[PDB]
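Participant:
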Amino acid sequence: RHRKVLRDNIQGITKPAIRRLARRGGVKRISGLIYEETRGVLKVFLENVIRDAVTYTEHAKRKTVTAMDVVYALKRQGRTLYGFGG
Amino acid sequence: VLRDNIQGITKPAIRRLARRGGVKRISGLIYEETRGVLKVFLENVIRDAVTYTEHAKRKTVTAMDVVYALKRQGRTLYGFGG
Amino acid sequence: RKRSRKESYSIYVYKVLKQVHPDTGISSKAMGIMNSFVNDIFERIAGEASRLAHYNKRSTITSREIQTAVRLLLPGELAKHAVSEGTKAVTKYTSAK
Amino acid sequence: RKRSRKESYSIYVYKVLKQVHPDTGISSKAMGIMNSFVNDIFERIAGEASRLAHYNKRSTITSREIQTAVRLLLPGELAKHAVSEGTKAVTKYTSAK
Amino acid sequence: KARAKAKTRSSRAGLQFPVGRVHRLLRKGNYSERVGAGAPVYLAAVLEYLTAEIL
Amino acid sequence: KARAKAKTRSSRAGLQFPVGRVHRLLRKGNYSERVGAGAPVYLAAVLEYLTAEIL
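Have a look at this one:
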């Protein structure tokens, strides 16, 4: 058998979920090639933020990533986040 | 005769700038809109500049005020000190 | 029995809310939002004031510097009204010692 | 006879330039550019270090914090080579007291 | 001594937001070496007005 | 006393950028209360490397 669920990866971010997301942005009609590209885009964003978060985590000699690290890592990219402390 | 002075930013100079930006062909209506856009940018900067100016109780605008006001709008500028 | 102590701006936000809309409540998440918002604005203003001070080789942050930073960061009419409140506050505080 | 004193990083840049390309000069404007560049990077790194320290409730800025800030601000290979140079410098400084 | 009873600086300012906590936060936080008495009142007032507008 | 002759910290580092001026700039600038000896050497090396790359 070969499942590895659909890639054991980003492909669990299913199509209709992206559809709902595009619906939030007011969009009506989407092409079939969008999905994959969006996924790649998402990955890049996450990568950068997570990297920074992990780096903050590494400075405190912890093995648990806290919310605060995510907040700060987001703040440095100009995407400050409210509602989780800081 | 003077013409609100925004007209000192003439057509051919704007054409030249657009040429530096890779533009080949320009409609006639661009000019007015561009002028307005330019005005807005300047206004914001100078406001901040003058604010820094007002804080020192000086009457002479210095480069540093402009540099700071530019820095705070996310358009940091190099080559005039600081 | 060991116990810590985390401060916030909650209680004060609650007071203000009861002043402006007596028959209205507010959830914990939103209060957290307001807490983070207050912290963010505080940080911006203090940092900007610091930068102004350092640029003019003055070692004291005063009301003047705060006023300046407010005019820089905020736009227009919001700045004017807030500045009004600040000036009124200083005038009241300085008199009734 | 009254006279001031404005410091800059000019001379050090000149040394570096002669080290890397002996038969080459540089104009004043570009030297000013390099001066501004240096000051900007210095400000970013120190500011970020400060923010890291304040977030972990440590009141000392050490080499560790700088190293972390560098890994945060700069991307990839530039960071790796820079970090290596810095580590080498610390290792040389600490030994030859 | 007399030890006049202490009212809060907030109560002198006629404000609800605090002052003393703000002063402490300005001292700890590497913003300046010294802080003048007037600053935190101004700052607190600004915060109050913004918070009132939002709510 | 002996008063060994003072070589620069830069020379100990084998660098061309300075160190002492950086130390002063970190003390004045409200970045932290105290600064450790290792930091400015690290920062100096970083500045020199970047400068060399650009030139």
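Taken in order, these protein sequences are the chains called B, F, H, D, G and C.
For the first sequence, the entry's author numbering assigns the number 18 to the initial residue and increments by one for each residue that follows.
For the second sequence, the entry's author numbering assigns the number 22 to the initial residue and increments by one for each residue that follows.
For the third sequence, the entry's author numbering assigns the number 30 to the initial residue and increments by one for each residue that follows.
For the fourth sequence, the entry's author numbering assigns the number 30 to the initial residue and increments by one for each residue that follows.
For the fifth sequence, the entry's author numbering assigns the number 10 to the initial residue and increments by one for each residue that follows.
For the sixth sequence, the entry's author numbering assigns the number 10 to the initial residue and increments by one for each residue that follows.
Idealized CB from N, CA, C, for every residue including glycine.
1. Can you give the Cα-Cα distance for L50(B) and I35(B), rounded to whole angstroms?
2. Do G47(C) and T97(D) have their C-beta atoms closer together than 9 Å?
3. Are the C-beta of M60(H) and some C-beta of chain G separated by less than 9 Å?
4. From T116(H) to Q48(H), what distance separates their C-alpha atoms?
5. Taking the alpha-carbon positions, what's the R73(H) to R18(C) distance?
6. What residue does the alpha helix (DSSP H) around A22(C) start on, and which one ends it?
7. Counting C-beta neighbours from all protein chains within 10 Å, is the total for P27(C) 16 or more, i.e. buried, or is it exposed?
8. So is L52(C) buried or exposed if we call it buried at 16+ other beta carbons inside 10 Å?
9. What three-state label does DSSP hand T53(H) in the structure shown?
10. Report the rounded CA-to-CA distance for residue 146(B) versus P33(B), giving the unit in angstroms.
11. Quick one: Cα of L46(D) to Cα of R30(C), how far?
12. Locate the alpha helix (DSSP H) running through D86(B), then write down its first and last residues.
13. Residues of chain F with CB closer than 7 Å to the CB of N68(H), please, in chain order.
14. CB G100(B) to CB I62(H), shorter than 9 Å?
15. Could you tell me the boundaries of the alpha helix (DSSP H) in which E36(H) lies?
16. Just checking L46(D) against the ligand MN - is the residue's beta carbon closer than 8 Å to any of the ligand's heavy atoms?
17. Distance check for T55(B) and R46(B), CA to CA, integer angstroms please.
18. Taking Cβ-Cβ distances below 7 Å as the criterion, which residues of the segment 64 to 91 of chain H are in contact with chain F?
19. Exposed or buried, what is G42(B) when buried is set at 16 or more other beta-carbons lying within 10 Å of its beta-carbon?
20. Verify whether the separation of the beta carbon atoms of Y73(B) and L103(D) is less than 9 Å.
21. Could you please tell me which residues of the segment 75 to 87 of chain F, in chain order, have their CB closer than 8 Å to any CB of chain H?
22. Would you mind stating whether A90(B) and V66(B) have Cβ atoms separated by less than 9 Å?
23. If contacts are defined as beta-carbon pairs under 8 Å, then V67(D) and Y43(D) qualify, I think. What distance do you get, rounded to the angstrom?
24. Note down, one range per segment and in chain order, each alpha helix (DSSP H) of at least 4 residues found wholly within the segment 42 to 126 of chain H.
25. What are the start and end residues of each continuous alpha helix (DSSP H) run of 4 or more residues lying completely inside the segment 36 to 102 of chain F, in chain order?
26. Less than 9 Å between the C-beta atoms of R93(B) and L101(D), yes or no?
27. Assuming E53(B) is part of the alpha helix (DSSP H), what are its boundary residues?
28. Identify the continuous alpha helix (DSSP H) that holds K45(B) and give its terminal residues.
29. If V55(G) and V99(H) are in contact, beta carbons under 8 Å, what's the gap, nearest whole angstrom?
30. Any idea if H19(B) is buried or exposed, counting beta-carbon neighbours within 10 angstroms, 16 or more meaning buried?
31. So, helix, strand or coil for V28(C), using DSSP?
32. When DSSP builds the beta bridges, which residues end up paired with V44(G)?
33. For a contact defined as C-beta to C-beta under 7 Å, what are the partners of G115(H) on chain G?
34. Can the beta-carbon of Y89(F) be found less than 9 Å from the beta-carbon of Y73(F)?
35. Note down, in chain order, each residue of its chain lying with its Cβ closer than 6 Å to the Cβ of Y52(B), except the 5 sequence neighbours on either side.
36. State the DSSP-derived secondary structure class of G38(G), mapped to helix, strand or coil.
Facilitator: Judging by the given coordinates:
1. Distance from the CA atom of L50(B) to the CA atom of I35(B), rounded to whole angstroms, is 12 Å.
2. no
3. no
4. 22 Å
5. 36 Å
6. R18 to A22
7. buried
8. buried
9. Of the three classes helix, strand and coil, the one that applies to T53(H) here is coil, per DSSP.
10. Nothing can be reported for residue 146(B): it is not among the residues displayed for chain B, which extend from 18 to 103.
11. Rounded to whole angstroms, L46(D) to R30(C) spans 20 Å at the Cα level.
12. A84 to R93
13. Chain F residues near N68(H): none, gap ~20 Å exceeds 7 Å.
14. yes
15. No alpha helix (DSSP H) contains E36(H), which DSSP labels as neither H nor E.
16. No copy of the ligand MN occurs in the structure displayed, which carries no ligand at all.
17. 15 Å
18. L81, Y84 and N85
19. exposed
20. no
21. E75, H76, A77 and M85
22. yes
23. The Cβ separation is near 13 Å, so there is no contact.
24. If we require 4 residues or more, the alpha helix (DSSP H) runs fully inside the segment 42 to 126 of chain H come out as 57 to 84, 92 to 102 and 105 to 124.
25. You should have 51 to 76 and 84 to 93.
26. Yes, Cβ-Cβ distance for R93(B) and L101(D) is below 9 Å.
27. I51 to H76
28. Careful: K45(B) lies outside any alpha helix (DSSP H) and carries neither H nor E.
29. 6 Å
30. exposed
31. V28(C) carries a coil assignment under DSSP once its states are collapsed to helix, strand and coil.
32. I90(H)
33. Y51, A54 and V55
34. yes
35. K32 and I35
36. For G38(G), the secondary structure class from DSSP, reduced to helix, strand or coil, is coil.
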